[PDB]
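For reference, the structure is listed below as structure tokens.
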Amino acid sequence: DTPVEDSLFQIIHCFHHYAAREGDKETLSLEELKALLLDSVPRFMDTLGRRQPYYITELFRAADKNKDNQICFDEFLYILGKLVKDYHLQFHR
Amino acid sequence: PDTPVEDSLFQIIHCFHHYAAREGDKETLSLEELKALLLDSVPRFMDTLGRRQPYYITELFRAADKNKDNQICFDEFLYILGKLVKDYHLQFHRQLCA
Ligand SMILES: [Ca+2]
Ligand SMILES: [Ca+2]
Ligand SMILES: [Ca+2]
Ligand SMILES: [Ca+2]
Ligand code: NA
Ligand code: NA
């Protein structure tokens, strides 16, 4: 695999690792998303301070397009887009 | 150090920037830059059926180029990254099944 292929599989592995903990094994609850972010993107999460929990709930509701209170793989793309853009702003600054 | 996922995000960003720097705007992809990015970076994706054919790469570029300026900026590239991650998600499932 190329380094980018290794990167895509790492992201997919990540999603499944957290989604499998509770409820539907293919979807993230808010708590599964919270664990995924705190463990996987700490540089980003560390920057948010007091309003971290407010940010995670806003991100989750924005991603949960069908309002069923869980993130499927397709809805997770929304979160990946936000993470990629945040790390992009870091890649520069 | 950075987590595996953080390393993954930086790899994706680095890849975009490497190809976008070749010609024209150094922060956007020409069709020729996108084509090289895909064939070099995601060969398993490009191996699928007809994705190596001009038709597929030209239609993916057209779909991604939302403002019709004949280049893919970083925000438009997220469209392509979503398509790639969804295809590699099927490959992840086929590998688990084998
Ligand atoms: Ca779950
Ligand atoms: Ca949902
Ligand atoms: Ca360019
Ligand atoms: Ca464009
Ligand atoms: Na899956
Ligand atoms: Na950039």
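We name chains A, B, ... by the order of the sequence lines, and we start the count at 1 in each one. Values below: every heavy atom of this structure, side chains too, minus hydrogens, waters and symmetry copies.
Electrostatic pairing of A:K65 and A:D74 does not count as a salt bridge here, judged by no charged N lying under 4.0 Å from a carboxylate O. Between B:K35 and B:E32 there is no salt bridge, since no side-chain N of the basic residue sits under 4.0 Å from a carboxylate O of the acidic one.
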Output, in order, the C-alpha distance, side-chain angles, deciding distance and verdict of side chain to side chain contact (heavy atoms under 4.5 Å, CB included) for A:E75 and A:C72.
CA-CA 5 Å; A:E75 290 172 335; A:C72 66; 3.6 Å; yes
Verify side chain to side chain contact (heavy atoms under 4.5 Å, CB included) between A:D64 and A:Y78, making sure each step is shown before the conclusion.
CA-CA 9 Å; A:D64 187 20; A:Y78 181 88; over 6 Å; no
Given the rule in the side chain to side chain contact (heavy atoms under 4.5 Å, CB included) test, do B:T58 and B:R62 qualify, once you have shown the distances and angles that lead to the verdict?
CA-CA 6 Å; B:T58 55; B:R62 189 208 67 76; over 6 Å; no
Audit row: B:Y88, A:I11, side chain to side chain contact (heavy atoms under 4.5 Å, CB included) steps and yes/no:
CA-CA 10 Å; B:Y88 281 83; A:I11 291 159; over 6 Å; no
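A:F60 has its side chain out of reach of A:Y55: every pair of non-hydrogen atoms, C-beta onward, lies at least 4.5 Å apart. The shortest distance between side-chain heavy atoms of A:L37 and A:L83 falls below 4.5 Å. Inter-residue side-chain proximity for B:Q91 and A:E5 is flagged as unmet; no heavy-atom pair is nearer than 4.5 Å. The shortest distance between side-chain heavy atoms of B:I80 and B:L29 does not fall below 4.5 Å. Side-chain atoms of A:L8 and B:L81, non-hydrogen and from C-beta on, do get closer than 4.5 Å to each other. Considering only heavy atoms from C-beta on, A:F76 stays 4.5 Å or farther from A:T27 through its side chain.
Looking only at distances, a side-chain donor or acceptor of A:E32 sits under 3.5 Å from a matching main-chain atom of A:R21. Proximity of a side-chain donor or acceptor of A:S40 to a complementary backbone N or O of B:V5 within less than 3.5 Å is not detected.
One distance of note links NE2 of B:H93 with NE2 of B:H89; it measures 4.5 Å at 0.5 Å rounding.
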